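Chains, contacts and geometry: an overview
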Amino acid sequence: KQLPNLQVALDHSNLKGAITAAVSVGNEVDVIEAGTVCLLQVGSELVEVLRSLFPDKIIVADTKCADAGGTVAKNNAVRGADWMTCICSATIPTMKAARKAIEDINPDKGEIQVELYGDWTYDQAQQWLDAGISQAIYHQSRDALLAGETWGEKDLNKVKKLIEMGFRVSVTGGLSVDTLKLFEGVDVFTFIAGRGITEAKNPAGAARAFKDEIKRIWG
Amino acid sequence: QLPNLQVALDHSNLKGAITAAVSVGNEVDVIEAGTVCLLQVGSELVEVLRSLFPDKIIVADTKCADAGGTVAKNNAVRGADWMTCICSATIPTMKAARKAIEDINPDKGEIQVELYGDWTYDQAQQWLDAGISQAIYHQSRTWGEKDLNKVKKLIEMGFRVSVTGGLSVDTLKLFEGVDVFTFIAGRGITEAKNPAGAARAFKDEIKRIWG
């Protein structure tokens, strides 16, 4: 058993913003993620820079891969990624090819995570598990997120159900040190924070406070 | 207009994409920076292609799922005409992407929906209602009736449909009578002994059939 991870997403539109934010919080987080917006802007060298700065941190290449799973996984695994995202639209053969490629380069830590967008089903989710993929990323309902709302029961129910199916579930959106308590009793695998922490007055302090609260609730 | 010939650049490095584009650019209508390539090299490739081919349609194949306005802006400022969104992107994301690309590129700026997994005609109608009327259809993994029939309905609904997968000079026959908007070729053309000649042959067969 371990505590939920604190992950920082880097969704910057340029290389300097990602690197500066990563350096500001890196020591205080468990996982550092090169976000899709950033990767589409700067390419995969960022993954390698992050690996150099943080030899022992978990690194996520958030490619939201839909196709050419083996190639995209290999491309980011050789840069040093541990986890890569596939969009839930990706077929089972694409997801398996990506898993096989990332495991080939990184047997110890290599994994695929399914990014949950649109009308995905639990029947699809079981297909991911059967294909050896057991991480999923769940986003707060965007309407509620944009409105500043708490996590609603419907969102919590889906998170709970995925966990019960056997997923390690990461959540993102609507997360702050004060809102972690909403998740009390929910076996969240990773909390993914972004600008709330990296744009704070003291990002390292904000990151540590977030992890302190994870420790209070789940410790 | 006849169906467009498009070349997809899915290389894992910059030199591969640039070399392939230069080899066939004059002979095609549309040049696409594929997702595999953009994830490797970033968006500068789009602006390089725009400089090389000022009068060609340029596609930024980002398969955008979220941050629509940001992703579309980032690629439109590089000179993209069309950008792909994955079909699982929400309507708000697709709409934000469309509005951002139209703002920078009022001439040609458009979103195209990339079709993967279990999509429905009901979802497709929401894309049309959202102002998005291009969709990319991939051969199931010789074009058979199930695939052709889906292509035909999408066109009926009001989509400009691009097709990709299993395309050659010889399989263009199979699409006789269908109002294909764009045929997307890739390595079949760019890895040929004479890429410019393979592409020209391709466009010549389009001209024969739809001309």
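Residues numbered from 1 in each chain as written, not as in the entry; some residues may be left out. Chains lettered and ligands numbered in written order. Heavy atoms only, no water. Residues with missing side-chain atoms left out of burial classes, pairs and counts.

A tally of regular secondary structure across chain B gives 9 helices and 8 strands. Projecting the C-alpha coordinates of chain B onto the three principal axes gives extents of approximately 40 × 40 × 30 Å. (Helix = DSSP H or I, 4+ residues; strand = E, 2+ residues; numbered from the N terminus.)

Before going further, it helps to spend a moment on the packing of helix 1 (residues 15-25) of chain A against helix 3 (residues 45-53) of chain A. Residues and elements named next belong to chain A. Relative to each other, helix 1 and helix 3 sit at 20°, their axes nearing to 11 Å. The orientation of helix 1 with respect to helix 3, classified from their angle, is roughly parallel. In this structure, the crossing between helix 1 and helix 3 has a hand that is right-handed. For the pair helix 1 and helix 3, contact is made by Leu15, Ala18, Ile19, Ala22 and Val23 and by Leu46, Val49, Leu50 and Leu53, respectively. Classifying every residue of the contact of helix 1 with helix 3 by side-chain character gives 9 nonpolar, no polar and no charged. (Axes fitted to C-alpha atoms, helices over the stretch in contact; angles between N-to-C directions. Parallel < 35°, antiparallel > 145°, perpendicular 65-115°, else oblique. Left-handed = near helix turned anticlockwise from the far one by under 90°. Contact = heavy atoms within 4.5 Å. Nonpolar A, V, L, I, M, F, W, Y, C, P; charged D, E, K, R; others polar.)

What follows concerns the pairing of strand 5 (residues 110-114) of chain B. All names here are of chain B. Judged by how many residues are buried, strand 5 sits mostly within the fold: 4 of 5 residues are covered. One ladder, built from 5 bridges, connects strand 4 (residues 82-86) with strand 5; its direction is parallel. Of the residues in strand 5, the one forming a bridge with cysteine 85 is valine 113. A crossover connection joins strand 4 to the parallel strand 5 through helix 5 (residues 91-104); in handedness this β-α-β unit is right-handed. Two elements, strand 5 and strand 6 (residues 134-138), share 2 bridges in a ladder whose sense is parallel. Across the sheet, residue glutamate 114 finds its bridge partner in strand 6, namely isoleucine 136. Following the backbone out of strand 5, through helix 6 (residues 121-129) and into the adjacent parallel strand 6, one traces a crossover that is right-handed. (Buried < 20%, exposed > 50% of the residue type's maximum accessible area, 1.4 Å probe, protein only. Pairing = 2+ DSSP bridges. Right-handed = clockwise from strand over helix to strand, strands pointing away.)

Bringing the UniProt feature "binding site: D-ribulose 5-phosphate" (unreviewed entry) in chain B into the picture now. Under the present numbering, the feature "binding site: D-ribulose 5-phosphate" (unreviewed entry) in UniProt falls on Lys63, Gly166, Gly186 and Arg187 of chain B. Ignoring anything within four residues of it in the chain, the contact list for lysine 63 of chain B reads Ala66 of chain A together with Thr35, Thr84, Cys85, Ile86, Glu114 and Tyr116 of chain B. Within the structure, the side chain of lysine 63 of chain B is placed 2.8 Å from the side chain of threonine 35 of chain B, a separation counted as a polar contact. Relative to the elements of secondary structure, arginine 187 of chain B occurs in helix 8 (residues 187-190). (UniProt positions renumbered as here; feature names shortened; annotations may be inferred. Polar contact = N/O pair within 3.5 Å; in protein donor to acceptor, adjacent residues only side chain to side chain.)

Where the parts come together, the accessible area they lose is often given as the size of the interface. Contacts between chain B and chain A engage 24 residues on the former and 23 residues on the latter. Each partner contributes to the roughly 2,100 Å² buried at the junction of chain B and chain A, and carbon and sulfur atoms together form 53% of this total. Interface area lost by chain B to chain A is led by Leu39, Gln40 and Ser88 of chain B, which between them contribute 28%. At the surface where chain B touches chain A, the tally comes to 2 salt bridges. Between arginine 141 of chain B and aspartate 67 of chain A there is a salt bridge, with its nearest N and O atoms 2.9 Å apart. Inspection of the region where chain B meets chain A yields 13 residue pairs in polar contact. Broken down by secondary-structure element, the contributors of at least two residues to the side of chain B that touches chain A are helix 2 (35-41), strand 3 (57-64) and helix 4 (68-76) of chain B. A per-element tally of the side of chain B that touches chain A places helix 2 of chain B first, with 5 residues. Taken together, the residues of the side of chain B that touches chain A break down into 10 nonpolar, 10 polar and 4 charged. (Buried area = accessible area lost by both parts, 1.4 Å probe. Salt bridge = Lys/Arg side-chain N within 4 Å of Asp/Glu carboxyl O.)

Residue and element names in this part refer to chain A. Turning to helix 6 (residues 122-130), its buried residues are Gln124, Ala125, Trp128 and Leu129. The buried residues of helix 6 occupy one face: seen down the axis, they fall within an arc of 150°. Exposed side chains of helix 6 directed beyond 90 degrees from the buried face belong to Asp123 and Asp130. On the buried face of helix 6, the contacting elements are helix 5 (92-105), strand 5 (111-115) and helix 8 (153-165). (Arc of directions from axis to C-beta.)

This part is about the UniProt feature "binding site: Mg(2+)" (unreviewed entry) in chain B. Residues and elements named next belong to chain B. When the UniProt feature table is mapped onto this chain, "binding site: Mg(2+)" (unreviewed entry) is found at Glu32, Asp61 and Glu114. A maximum C-alpha distance of 13.3 Å places the annotated residues, which cover 83 residues in sequence, within one compact spot. Along the chain, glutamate 32 turns up in strand 2 (residues 30-33). In this structure, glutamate 32 is in contact with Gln6, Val7, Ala8, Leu9, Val59, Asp61, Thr84 and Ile184, ignoring residues within four places of it in sequence. Within the structure, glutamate 32 has its side chain in polar contact with the side chain of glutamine 6 (distance 3.0 Å).

All names here are of chain A. Strands sit in the order 1-2-3-4-5-6-7-8 around a closed barrel of 8 strands; the barrel is parallel. Averaged over all pairs of adjacent strands, the angle between their axes in this sheet comes to 25°, without regard to strand direction. Pairing geometry for strand 3 (residues 58-65) and strand 4 (residues 83-87), over 3 bridges, is parallel. Within strand 4, the residue paired with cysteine 65 across the bridge is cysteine 86. Across the sheet, helix 10 (residues 203-218) touches strand 1 (5-10) and strand 8 (190-193), and the angle it forms with strand 1 is around 150°.

Below, the discussion takes up the UniProt feature "binding site: D-ribulose 5-phosphate" (unreviewed entry) in chain A. Residues and elements named next belong to chain A. As recorded in UniProt, the sites labelled "binding site: D-ribulose 5-phosphate" (unreviewed entry) are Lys64, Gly174, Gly194 and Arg195. Positionally, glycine 174 belongs in the loop between strand 7 (168-172) and strand 8. Discounting residues that sit within four places of it in the chain, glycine 174 has contacts with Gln140, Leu145, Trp151 and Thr179. Here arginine 195 is to be found in helix 9 (residues 195-198). The class of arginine 195 is exposed, set by a relative accessible area of 61%.

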